[PDB]
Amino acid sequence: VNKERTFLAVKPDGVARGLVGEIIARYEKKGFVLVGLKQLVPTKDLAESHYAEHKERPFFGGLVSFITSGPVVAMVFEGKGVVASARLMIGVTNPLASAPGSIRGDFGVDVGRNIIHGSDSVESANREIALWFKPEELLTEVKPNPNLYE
C-alpha cells in the first residue's frame, strides 16, 4: 500500500559535508512524503541497538562510535515501495561500487563514511522507526500529490 514507510538517517559524515538538503530533495522529487524528521546525536545505547544484528562483526566497533560522534538527521519517509526504492536510490554498501545517480555513488568513497542509512526491509523499517521516533513525532495522516498515484 501507498503507506509503507522506511527509516533514513543521514550519518555524521553526510551532515558534516553538508548533504542534508540534497539527500532530502532527492526523495521529495521522487514522490515520497516526509512523515517525521529530526536532528540528534545518537547515544551508545541507540547506536548498539540500532546496529544489533552486527553485534559480533569486526566493524560494529566503529559503526557505534562514529554514528555517535556527531549529529544525525534521522527521518521517516512514506510511499508505495519506499523501502525498496530508498535502498535503490542510496546505492550499495561500498560507495565506489555504487552507480552514478545514487547517493553513495555520487557522494561517497569509503565504506566507513558512506553518508546515509536506509532500512533494508519493512521489518527493519518498523523496528528502526519505533526506535528513533516517539509515535507522537510522526504524521498521523498523509496526503501525497494527487498526481503521484492512481
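Each residue number is its position in the shown sequence, starting from 1. Here, rigid core means the biggest group of C-alpha atoms that superpose within 1.5 Å across both forms.
Superposing each structure in 4 other deposited structures of this protein on the rigid core shows that the farther-lying of 53-61 and 81-89, by root-mean-square Cα distance, is 53-61. Choosing between 4-12 and 141-149, the greater Cα displacement from the shown form in 4 other deposited structures of this protein, fitted by the core, goes with 141-149. A summary of the deposited B-factors shows that, of 2-10 and 141-149, the stretch with the larger mean C-alpha value is 141-149.
The deposited model assigns a higher average Cα B-factor to 58-66 than to the other stretch when 58-66 and 25-33 are compared. In the PDB entry, the Cα temperature factor peaks, among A99, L40, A47, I90, at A47. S85: CA B factor lies in the lowest third for its chain, per the PDB record. In the PDB entry, a CA B factor belonging to the lowest third of its chain's modelled residues is recorded for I103. Per the PDB record, residue ranking by Cα B-factor puts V111 in the lowest third of the chain.
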